Amino acid sequence: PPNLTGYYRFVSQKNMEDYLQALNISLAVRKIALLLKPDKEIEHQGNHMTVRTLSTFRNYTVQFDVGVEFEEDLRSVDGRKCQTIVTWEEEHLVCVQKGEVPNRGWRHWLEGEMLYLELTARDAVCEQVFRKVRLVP
Ligand SMILES: [C]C1=[C]C([C])=[N+]2C1=C([C][C][C][C][C][C][C][C][C][C]C(=O)O[C][C]([O])[C][O])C1=C([C])[C]=C([C])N1[B]2(F)F
């Protein structure tokens, strides 16, 4: 599987409204979240990954070894905890977050320097795109 290490700048998103509602995020917080352009930073070493979502209001970091289910602390996101498993399906990094919310998870994949992210919760599907930042001193 590919190595996903990189810093990727926000490009676009669609239907984040839907995903936020599906996680039961309040109107006040959804209004804030829809204004921001969070970046994605990944540290992928061997079979271990750290994935950071970075914004001026709040950051969220998760760590994992691919293939090992773990308790994901999402209390800073939607107040919940999940039993989360990340796998590789061809070149897609697939995450299933098992818990209260059905169909919860996400999928990354790369096309050149564009990093795609699909986010799901209940019947909501959000599509995001990021672009890798080149290491220019
Ligand atoms: C400010 C605030 C507050 C709060 C609470 N909020 C916000 C916002 C904005 C800011 C940002 C934060 C971070 C998040 C993370 C998760 C997703 C990604 C992910 O999943 O990823 C995936 C891979 O890549 C790893 O992980 C938001 C959004 C945009 C969304 C959401 C849900 N939100 B929330 F409701 F949490």
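Cβ atoms come from the backbone with ideal geometry, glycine included; neighbour counts cover every protein chain shown. Computed from the coordinates by the stated procedures, all read-outs in this text should not be read as laboratory data.
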Does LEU74 satisfy being free of Cβ contacts under 8 Å to residues at least 60 places away in the same chain and within 6 Å of the ligand (Cβ to nearest atom)?
no
If we ask which residues in the range 80-137 are of a type in the set (A, V, I, L, M), surrounded by 13 or more Cβ atoms within 10 Å (Cβ to Cβ) and either within 11 Å of the chain's Cα centre (by Cα) or within 20 Å of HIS44 (Cα to Cα) (or both), their number turns out to be 12
Under 7 Å between Cβ atoms, which residue pairs at least 6 apart in sequence (or on different chains) link something in the range 111-132 that is at positive phi with a partner that is loosely packed, with under 15 Cβ neighbours inside 10 Å?
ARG122/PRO102; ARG122/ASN103
So, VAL11, is that one near the ligand (Cβ under 8 Å from one of its atoms) and either under 15 Å from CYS126 (Cβ atoms) or touching a residue at least 40 places away in the same chain (Cβ under 8 Å) (or both) or not?
no
Got at least one residue in the range 61-79 being surrounded by 12 or more Cβ atoms within 10 Å (Cβ to Cβ), among the small types (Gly, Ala, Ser) and closer than 22 Å to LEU23 by Cβ?
no
Hey, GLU41 hits all of (1) touching a residue at least 12 places away in the same chain (Cβ under 8 Å); (2) exposed (fewer than 13 other Cβ atoms within 10 Å of the Cβ) but one; which does it fall short on?
(2)
Would you point out the residue of the range 20-32, among those that are in contact (Cβ under 8 Å) with a residue 12 or more places away in the chain and more than 8 Å from the ligand (Cβ to nearest atom), that is surrounded by the most Cβ atoms within 10 Å (Cβ to Cβ)?
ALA22
Name the single residue that is farthest from the ligand (Cβ to nearest atom) among those in the range 45-60 being surrounded by 12 or more Cβ atoms within 10 Å (Cβ to Cβ) and of a type in the set (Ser, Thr, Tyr).
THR50
Over the range 40-87, the set of residues of a type in the set (S, T, N, Q) and out of contact with any strand residue (DSSP E or B) (no Cβ under 7 Å at 6 or more places or on another chain) is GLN45, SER55, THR56
For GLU43, state whether it is within 15 Å of the chain's Cα centre (by Cα) and closer than 24 Å to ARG9 by Cα.
yes
May I ask you to verify whether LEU35 is more than 8 Å from the ligand (Cβ to nearest atom) and either under 13 Å from the mean Cα position of the chain (by Cα) or surrounded by 13 or more Cβ atoms within 10 Å (Cβ to Cβ) (or both)?
no
Hey, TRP88 hits all of (1) farther than 20 Å from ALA121 by Cβ; (2) within 9 Å of the ligand (Cβ to nearest atom); (3) among the hydrophobic types (A, V, I, L, M, F, W, C) but one; which does it fall short on?
(2)
